[PDB]
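Shown next as structure tokens: one chain only, the form deposited in one PDB entry.
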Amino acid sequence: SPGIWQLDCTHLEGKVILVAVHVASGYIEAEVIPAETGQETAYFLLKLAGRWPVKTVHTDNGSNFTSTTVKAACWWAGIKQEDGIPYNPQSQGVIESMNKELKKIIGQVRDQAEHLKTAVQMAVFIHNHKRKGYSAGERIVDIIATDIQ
């Protein structure tokens, strides 16, 4: 469970926001992309896995699960590619709630930012620092550190 991530794709301003959630902590990384292609998803996973110890990724949909390019990136980066079927039904609600929260924060910034990508990274910052009391950023580091030891 320290190495389990879930992909999530949401839309805003006619643009695509690709999100990776560290399931145990709620910590996220995100990027704005023109469209969710296998290539874009593969590149995003490469970046993620160079930065955190990504053991398993639950893909956000069947197209990214099927994608040879995504499979190739998972092979390259040593990631077990899995489906994202909500066997525990609460998983749908959790992801939906996060997308709502993220969009709310995006709305709260951007009087401040010209470009959506800046607003999305501001939202990532606020989400990961928010105390709920530890933050998601604190939880992910503690979870992974405990695993190392």
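Heads up, when I say rigid core I mean the largest set of C-alphas that superpose within 1.5 Å between the two forms. Just count from 1 along the sequence shown to find any residue number.
Across the superposed structures in 4 other deposited structures of this protein, aligned by the core, the stretch whose Cα atoms lie more distant on average is 110 to 118, chosen from 63 to 71 and 110 to 118. Going from residue 132 to residue 133, the model skips 4 to 9 deposited residues, which lack coordinates.
Look at the C-alpha B-factors of 77 to 85 and of 120 to 128. On average they run higher in 77 to 85. Note on 43 to 51 vs 60 to 68: mean CA B-factor is higher in 60 to 68.
Residue 20: CA B factor in the lowest third of modelled residues in this chain (values from the PDB entry). Residue 145: CA B factor in the highest third of modelled residues in this chain (values from the PDB entry). In the PDB entry, a CA B factor belonging to the middle third of its chain's modelled residues is recorded for residue 106. Residue-level temperature factors show residue 32 in the middle third of its chain, judged at the C-alpha atom.
In what follows, reference is made to the form solved in complex with a small molecule, a form of this protein that is not presented.
Not displayed here, the small molecule is kept clear of residue 84 by more than 4.5 Å at the level of heavy atoms in the entry with it bound.
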